[PDB]
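Worksheet: the structure to be examined is printed underneath.
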Amino acid sequence: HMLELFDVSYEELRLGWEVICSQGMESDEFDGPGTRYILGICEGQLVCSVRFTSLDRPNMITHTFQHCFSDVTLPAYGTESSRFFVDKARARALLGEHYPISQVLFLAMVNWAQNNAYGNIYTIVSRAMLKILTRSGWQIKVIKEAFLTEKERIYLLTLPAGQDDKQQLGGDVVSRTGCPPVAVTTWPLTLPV
């Protein structure tokens with residue numbers, strides 16, 4: 001058993017490779033050149049993933065939810081993660097139950113961010129996702145709470161990707177999975193499940 005987290009550009013996107021794709025999020029307006037993805041693969045299958053888009057290219061903050069956050073100043077340089085995906089049922093079956101695939105992808109996100117020159121990451125999450133990010137210990141920053149609907153609250157967040165954040169999620173995954181300490185410091189990531 002082994003867990004691989006690494007990134008691929010849209011530009012890069014045999015049997016197992018289509019199994020992965022057959023398990024991926026069906027595209028949208030923001031899936032094109034420039035867009036990168038982090039894929040979590042265990043025994044030839046997609047267990048989790050997340051998408052990264054440049055802040056200056058069209059994205060969910062600048063377009064989809066324009067009316068919601070047009071009052072927030074956005075840096076010229078940056079990345080927005082989205083389509084945070086985790087298949088809990090498949091992770092359990094491959095990485096055993098109680099495995100923190102969620103905390104791992106967060107770690108993969110910080111590590112990928114450092115490897116690509118991003119101090120932090122901008123994202124739009126749902127109330128629930130916010131609850132999880134909060135519980136993860138990751139020192140996220142709500143830039144603005146907005147109302148999608150009458151009761152639907154969504155948030156614009158900055159996810160810290162400094163060394164402290166990396167070590168913090170790393171140490172978390174360690175004492176949690178008991179995996180080798182150096183295994184959470186690299187990019188790409190590779191975890192013994």
Side-chain angles (χ1 to χ4, degrees), residues 5-7 25 28-31 34-40 48-86 88 100-150 152-177 184-189 191:
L5 291 286
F6 63 91
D7 59 292
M25 312 274 283
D28 64 26
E29 301 83 13
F30 321 102
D31 292 296
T35 294
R36 294 197 65 75
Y37 312 77
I38 291 188
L39 310 176
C48 73
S49 74
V50 68
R51 181 179 69 174
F52 287 103
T53 297
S54 302
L55 287 182
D56 52 37
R57 304 284 181 181
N59 58 67
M60 288 188 58
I61 293 169
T62 50
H63 298 215
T64 320
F65 300 114
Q66 181 181 67
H67 62 294
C68 294
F69 311 110
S70 62
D71 65 296
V72 184
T73 288
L74 285 179
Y77 183 74
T79 191
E80 177 228 50
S81 64
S82 69
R83 307 207 79 180
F84 186 82
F85 174 72
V86 174
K88 13 287 177 63
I101 188 66
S102 160
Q103 273 278 62
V104 162
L105 184 50
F106 292 163
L107 171 52
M109 290 179 69
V110 174
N111 288 22
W112 170 86
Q114 302 202 329
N115 204 65
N116 283 262
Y118 296 115
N120 76 294
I121 302 165
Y122 288 76
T123 190
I124 304 297
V125 304
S126 70
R127 179 73 166 168
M129 188 62 40
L130 173 65
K131 272 164 192 166
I132 297 180
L133 285 151
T134 300
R135 302 189 112 90
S136 81
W138 197 353
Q139 296 296 287
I140 68 179
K141 183 190 177 186
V142 181
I143 307 310
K144 177 170 178 176
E145 176 184 57
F147 285 78
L148 177 50
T149 72
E150 280 278 20
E152 295 307 56
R153 292 162 291 171
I154 63 181
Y155 311 72
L156 179 53
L157 306 181
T158 61
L159 307 171
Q163 191 59 201
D164 293 321
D165 313 288
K166 173 179 191 169
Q167 289 170 289
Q168 183 182 276
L169 299 167
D172 206 300
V173 171
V174 177
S175 51
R176 257 174 178 291
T177 59
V184 303
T185 72
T186 71
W187 185 258
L189 266 189
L191 284 82

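We number each residue from 1, following the sequence as shown. Note: hydrogens, waters and symmetry copies are ignored here, and every other heavy atom, side chains too, is used.
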Does some side-chain heavy atom of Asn111 sit less than 4.5 Å from a side-chain heavy atom of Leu169?
no
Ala161 backbone acceptor or donor facing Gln114 side chain under 3.5 Å:
yes
Examine distances only and state if a side-chain atom of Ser126 and a backbone atom of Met129 form a donor-acceptor pair shorter than 3.5 Å.
yes
Heavy-atom nearest pair, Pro188 first then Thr186, reads O-OG1, 3.0 Å
Which atom pair, heavy atoms only, marks the closest approach of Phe69 to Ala146?
CE2-CB, 3.6 Å
So if I apply the side-chain contact (heavy atoms from CB on, under 4.5 Å) rule between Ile124 and each of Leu157, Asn59, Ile61, which one comes out positive?
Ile61
Does any part of the side chain of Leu148, heavy atoms only, come nearer than 4.5 Å to the side chain of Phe65, both counted from C-beta?
yes
Can you tell me how far apart CD (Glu80) and CG (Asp56) are? Round to the nearest 0.5 Å.
12.0 Å
side-chain hydrogen bond (donor to acceptor under 3.5 Å, both in side chains) evaluation trace for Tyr37 with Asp31
CA-CA 10 Å; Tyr37 312 77; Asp31 292 296; 2.6 Å; yes
Could you walk me through whether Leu133 and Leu159 pass the side chain to side chain contact (heavy atoms under 4.5 Å, CB included) check?
CA-CA 9 Å; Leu133 285 151; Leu159 307 171; 3.9 Å; yes
Answer yes if the side chains of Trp138 and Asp172 hold a donor-acceptor pair under 3.5 Å, and no otherwise.
no
How far does OG of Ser49 sit from CG of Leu5, to the nearest 0.5 angstrom?
10.5 Å
Closest heavy-atom contact between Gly170 and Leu107?
CA-CD2, 4.0 Å
Do any side-chain atoms of residues 115-123 form donor-acceptor pairs under 3.5 angstrom with protein atoms, and if so which ones, sequence neighbours left out?
unit_1 : atom_1 : unit_2 : atom_2 : d
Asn116 : ND2    : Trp112 : O      : 2.8
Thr123 : OG1    : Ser81  : O      : 3.1
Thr123 : OG1    : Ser81  : OG     : 3.3

So, for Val184 and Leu189, which heavy atoms are closest and what is the spacing to 0.1 Å?
CA-CD2, 4.0 Å
Measure the CD1-OG1 distance between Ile140 and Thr134 for me, rounded to the nearest 0.5 Å.
4.0 Å
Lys/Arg-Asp/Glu bridge criterion (N-O < 4.0 Å) met for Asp28, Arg51
yes
Between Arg127 and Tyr155, do the side chains contain a donor N or O and an acceptor N or O under 3.5 Å apart?
yes
Compare all side-chain heavy atoms of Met109 with those of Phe52 and state whether any distance is below 4.5 angstrom.
yes
Could you walk me through whether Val110 and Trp187 pass side chain to side chain contact (heavy atoms under 4.5 Å, CB included), step by step?
CA-CA 10 Å; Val110 174; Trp187 185 258; over 6 Å; no
Under 3.5 Å, side chain of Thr53 to main-chain N/O of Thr79, donor-acceptor pair present?
no
Within a strict 4.5 Å, meaning less than it, do heavy atoms of the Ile38 and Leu105 side chains meet?
yes
Minimum heavy-atom distance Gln103-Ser136, with the two atoms named:
NE2-O, 2.9 Å
Please round to the nearest 0.5 Å and tell me the distance separating atom NZ of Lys141 and atom CG of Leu156.
10.0 Å
Taking all non-hydrogen atoms of both residues, which atom of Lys144 and which atom of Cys68 are closest, and how far apart?
NZ-O, 3.0 Å
Are the ring centres of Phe106 and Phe84 closer than 6.0 Å?
yes
Report yes or no: does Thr62 contribute a side-chain atom to a donor-acceptor pair with the main-chain N or O of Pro58 at less than 3.5 Å?
no
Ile143 side chain reached by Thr158 side chain, heavy atoms, under 4.5 Å
yes
